[PDB]
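Participant:
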RNA sequence: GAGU
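Residue numbers (PDB author numbering), protein chains in the order written: chain D, 755 to 804; chain F, 457 to 535; chain C, 2 to 1342.
1. Alpha helix (DSSP H) containing residue 1018 of chain C: first to last residue?
2. I need the straight-line Cα distance from residue 270 of chain C to residue 255 of chain C, nearest angstrom please.
3. Note down, one range per segment and in chain order, each beta strand (DSSP E) of at least 3 residues found wholly within the stretch 1219–1285 of chain C.
4. Using a C-beta cutoff of 7 Å, does residue 1305 of chain C count as contacting chain F?
5. So, helix, strand or coil for residue 716 of chain C, using DSSP?
6. Which residue spans inside the stretch 582–661 of chain C form an unbroken beta strand (DSSP E) run of at least 3?
7. Does residue 792 of chain D come within less than 7 Å of chain C when only Cβ atoms are used?
8. May I ask you to list, following chain order, the residues of the stretch 481–511 of chain C that have a beta carbon less than 8 Å from some beta carbon of chain F?
9. Would residue 1314 of chain C be called buried (16 or more neighbouring beta carbons within 10 Å of its own) or exposed?
10. Would a C-beta distance cut-off of 7 Å place residue 96 of chain C and residue 127 of chain C closer than the cut-off?
11. Taking the alpha carbon of residue 365 of chain C as the reference point, which residue from C:349, C:352, C:382, C:350 has its own alpha carbon closest?
12. Taking the alpha-carbon of residue 481 of chain F as reference, which of C:1214, C:1283, C:938, C:1294 has the nearest alpha-carbon?
13. What residue range is occupied by the uninterrupted alpha helix (DSSP H) comprising residue 1085 of chain C?
14. Less than 8 Å between the CB atoms is what I'm expecting for residue 587 of chain C and residue 453 of chain C, so what's the real figure, rounded?
15. By alpha-carbon positions, which one of C:404, C:573, C:627 ends up nearest to residue 599 of chain C?
16. Under 9 Å between beta-carbons, which chain C residues line up against residue 494 of chain F? List them in chain order, please.
17. Going by DSSP, what residues sit across from residue 236 of chain C in a beta bridge?
18. With a threshold of 7 Å between beta carbons, is residue 1278 of chain C in contact with chain F?
19. Quick one: which unbroken beta strand (DSSP E) runs of 3-plus residues sit fully inside the stretch 742–800 of chain C? Chain order, please.
20. Which residues in chain D have a C-beta closer than 7 Å to the C-beta of residue 565 of chain C? List them in chain order.
21. Compute the Euclidean distance between the alpha carbons of residue 392 of chain C and residue 477 of chain C, then round it to the nearest angstrom.
22. Give me, in chain order, the residues of the same chain whose beta-carbon lies closer than 7 Å to that of residue 820 of chain C; leave out the 5 immediate sequence neighbours on both sides.
23. Kindly indicate the opening and closing residues of the alpha helix (DSSP H) around residue 478 of chain C.
24. Going straight from the alpha carbon of residue 1235 of chain C to that of residue 565 of chain C, what length do you get?
25. Cβ atoms of residue 651 of chain C and residue 591 of chain C: under 7 Å apart, would you say?
26. Restricting to Cα atoms, I'd like to know which of C:1134, C:132, C:710, C:1165 is closest to residue 521 of chain C.
27. May I ask you to report which of helix, strand or coil DSSP gives residue 777 of chain D?
28. Relative to the alpha-carbon of residue 350 of chain C, which residue among C:60, C:192, C:532 has its alpha-carbon at the smallest distance?
29. Comparing the C-beta of residue 622 of chain C with each C-beta of chain D, is any distance below 7 Å?
30. Pairs of beta-carbons, one from the stretch 1084–1093 of chain C and one from the stretch 850–867 of chain C, closer than 8 Å: are there three or more?
31. Using a Cβ-Cβ distance under 7 Å, would residue 512 of chain F count as near chain C?
32. In the stretch 921–995 of chain C, which residue ranges form an unbroken alpha helix (DSSP H) of at least 4 residues, counting only runs that do not cross its ends?
33. So, residue 772 of chain C versus residue 765 of chain C, is the Cβ gap smaller than 7 Å?
34. I need the boundaries of the alpha helix (DSSP H) containing residue 1115 of chain C, first residue and last residue.
35. Give the secondary structure of residue 520 of chain F by DSSP, where H, G and I count as helix, E and B as strand, and everything else as coil.
36. For chain D, is any of its Cβ atoms less than 7 Å away from the one on residue 1312 of chain C?
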């Protein structure tokens, strides 16, 4: 996004800014879940070979 | 089998007359059979439910993951 | 001015913008939708109505009989809420429907007066909804979750890149019905349009049009715009419209009129185009060179011989041109295909499709759908017809039709359900528009593209399916049986009705156990919205697409409330002010702004509507009842934010809190907290448990009143008046004549419920708030639910926390806490746990409940009555016997040694197992109550008889009280009536009370009201006396148990569970932790003042987690209590009313920028000192979300608390007396104890029950199960060289019977030798392989 | 509904 968040958590963000950040947040947490099963599976494959 | 058939045909009528359910006594009345016999048939009426039945609403368990063998005298008692 | 409860407790609100719209009823969705299902509205198509008329009236196949539906009546449900909860019944009402059989004649015309028989049949029971918006299913509280799904209509998607090294731009149209098989039109690599019906296989789209009744040339009309080609002499002319050229390099010298216009090769510009247009060109000379390569439209025959030459969609070559002009047709219809705008599409489709007529299209259709079934003509026709044009199979609904019609630019709202062929063609028209570049691609994810299914709409759905099965049975029976003699009630069975309904209610995904940990949990659950369910996605089926955060979610769903893990993205809470529109689409209320000035009008807009207009945020600064303060203002249009000037601005947000859900709205300084921790915060709040002692939160938002209000577990005054009687069980209020009905009596009775069991095993108790003789208003809080203070949400309790590192007791988010917490009994849970004792009947003999228990300590016998029932109020422990039970045994397996001893010592073995009801492991509390349900067959138990007699006299006493309380109201009213126009208080007072029916005064209003109230006595009397009979039909009746079960006893354990180390605690900010150690008061640091600390939280939990709002809460929290400090002091110091008033008001009016101005003045002395007492405990403030208290105003208040503005204080270590070298942040924060109790989390197993097939240890604390040592753990052992440990886990610890028993004995004997056997799992393996006919032998050496 |  072109315009960033100039403010800090000290000031507190508003409607818009906080909303903006949610995208990345949710994306991040969904990654921590669903994108880790790939790595687990990968590892098990390594295990079995070795 | 034929007795079971009677049961369920009558069940419909009785639910509609009462506005609710048929108690064994009331049912037993209309059939002119002994309540004990009715209750027996009600129990025997249960069909095989699967041992492999996913008990887990979340595919956790195939009913089997509950069942314990009471035949086994416990290692406590074997000692 | 304010109500009596607000006058009792104000919370200071730091809100800067004034909330114009009041917070909507939060449970509305549920209430109103369920209402729609049963709503008696004849013309209105809702629930029952809609379902019935859709199939009804059911006309006979033979045609000479018919079944008609008149109207229905809902019986008042036979089982009350309480009663169904008691017996484990589903709470429902009878539906009875008035139906008519009407019979025609054969021979005589169709004379409709042959046989007319009509009556009311019972159509089954309908599960009913509670006052709370909840449902009683098998005697447990369930909620039906709202369901998002993709709306019926048209979806136009692009596969961006997708497949191919090209990355072919390939589009698709998906046709979604409410009910019916699906249509897909998609683009092959070489641009040929393929159809997937029921998205099955890819056929040419043209085949579908063929089936639709279209000729090759008809399709080329409605798709391609023809070009007129004349042949004159040897030369060739086209009828050409000037605009057609448009962007086109010239191949010839184009001689129009006279002059050369287009140079051969020069790209045609707009100049050339307008020039020719104004010249008035019909015909233009062209070379025979141009047409070789074009296409021929119609199938022009050679009239002479009759011979066909150019076909429908054929390529043009030099020689055929000669043949055509030779056949003698003056006018030729070559095709328009330049690419660019109108490309080679329909043309190409027709070529790949070798099929021709309607019939062969229907054949290939049928052969894709049923490959291998012989193409009988009528079967194919019926298939295709029934696929899209069957009324019964295919319904798009107003939903589907409205969205469909909006995408294809139609004014018309409501459609005919079935696929009209215009629609179909329009579809392909718009797809191939987009392929040219005319349409936009739609996003599935648009809120306007996703519909929300509430209660009534879902119920209607599944109910309609019940009616479908009804049609198969009913209509079938309408034809066979002899019509005359047969009556309507014979035909109709309620079974499948109630089955399908109870299917939905019980078995469905959306119907779940309500979370009642606290009122927040319930309220939030009710309005949460899931993307799963029928017509919806599962976990694998959900990619990034719908999970990710859409700009449309603004003011509709909280972007910030969702379960972490695989559920994430799928389930989301409804935002605060948000509701469902007419079509179940999400909408948000917004303020109008007319010509610069901000009006007061609110309009609800859907997502689609929202895209259109330019909206200012709530945060934007507003000139007092005029315009906007800044010239260049902050707003968003068409989904995109930035700067606008005043005049351009159309609308505005009502308040900030509309962005966020209910849960998120409760968090105070969300503004300073990162979203990750925000998410966790909302989640934890949902798991907070009510303690013994409710405390109002120091730092709220203003929403804490609303939340409690809507939760509805609190009891609220529905008229207002004065409290006549106050009981910790009964609150009776005398209404003012204001709200008083001239019909009934004016006394309102609220019976409270104390200590009932929640689904979570938690506490549900009501405390009365107000006092006897208090005057209160409509909507005052009479009695509080569990986690509720005088109006306010009291989720948890607030403690003095000190942010500092301790000697590793606060290590990594771990918590240090004071013994003082237990001293005060804060954070002590009441858990009401339920156990059931079942006396079944085996053929081994019927089990019985008696005090008779072979080889038990008389310690265990002593607490039991003669019935074998635990005494009321006795406190017991895990392992202790509650209810005695005996079961049929059968021994006789005396192995040699046993017989010997039986002979010697005697002890004659009485056959009986120890079925008697044990208490759970490590659990100890008090029996709060006991219940007994005896089946009708066997006779009454001693204990049962006496307790059902207890309940008897209960009903009596309560009912007598009821009658007399309302009678007191009636009688009181008559005296107020008889004294107004007949001055007699001597004569009346001392005459008996029941002798006033005979009375008769002045005749007008006086007399009419008197008769109203007298007939109320007659009614009350006959009402009550049957009201009694009702409980006496219910209590007397033998209780209905499942087959095989003789009797049952429910027992409630009351455990007072004290906080300990390992319990789970958190704040609202996502900061959480386990109790590591409880320190004696002495250990904890203390103030200069001598006040010792309560909790010590690790500061290192702050910075990387990025929730700073908890710091803000801590500071504001100390100052809130600083307020309480000073006030408490002036209360102890008595002093004068005036001075207290001064301090208090100057406190409230602290903010230079505050909205809420509470100028005290007018308040009476009573109310003043009363208020002081309440704020003695520390003044409760309201920072609302985003619109909250700034740091400077907090600093300002810290001066009024006479405490450091930095909020840090120097602390003395209670152990050593040494000060900490620097000051630390101290202050009050609002803490909560979770539903996660270490008590439950403790579990261990040595030996117990094993698994049936594998013979491995079972799972769970429920079976005394062992942990799985998984392949992961295996790997660990393997990394070490630890072979024997591993082997233990594999054999002696699990499936090796001989091995585990032998090793057990070895351990006792002090051997510790292993000696392994063969694990049973491996044998399982062998046998299953041999079942598959695969030989596996283990080879000897 | 927990945590990694």
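Idealized CB from N, CA, C, for every residue including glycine.
Facilitator: Based on what the coordinates show:
1. 1006–1035
2. Roughly 14 Å separates the two Cα atoms.
3. 1225–1234, all fully within the stretch 1219–1285 of chain C.
4. yes
5. strand
6. 587–595, 598–607, 615–617, 633–638, 641–646, 652–654
7. For residue 792 of chain D, not one C-beta of chain C is nearer than 7 Å to its own C-beta.
8. 490, 494, 495, 496
9. exposed
10. It is a contact, given that the beta carbons lie within the stated cut-off.
11. Taking each of C:349, C:352, C:382, C:350 in turn and checking the Cα distance to residue 365 of chain C, the smallest one comes out for C:382.
12. C:938
13. Segment: none, residue 1085 of chain C is in no alpha helix (DSSP H) and carries neither H nor E.
14. Separation of the CB atoms of residue 587 of chain C and residue 453 of chain C is rounded to 6 Å, and the pair is thereby assigned contact status at 8 Å.
15. Measuring from the Cα of residue 599 of chain C, the nearest candidate turns out to be C:627.
16. Residues of chain C with a Cβ closer than 9 Å to the Cβ of residue 494 of chain F do not exist; the shortest Cβ-Cβ separation is about 10 Å.
17. C:233
18. Cβ-Cβ to chain F under 7 Å: no for residue 1278 of chain C.
19. 748–752, 782–785
20. 783
21. 19 Å
22. 1079, 1080, 1081, 1082
23. 456–481
24. About 17 Å.
25. no
26. Distances from the CA of residue 521 of chain C to each of C:1134, C:132, C:710, C:1165 were compared; the closest alpha carbon is that of C:710.
27. helix
28. C:192
29. no
30. No: the two stretches stay apart, fewer than three of their Cβ pairs being nearer than 8 Å.
31. no
32. Here the runs fully enclosed are 943–979, 987–990.
33. no
34. 1110–1133
35. helix
36. So, not an interface residue.
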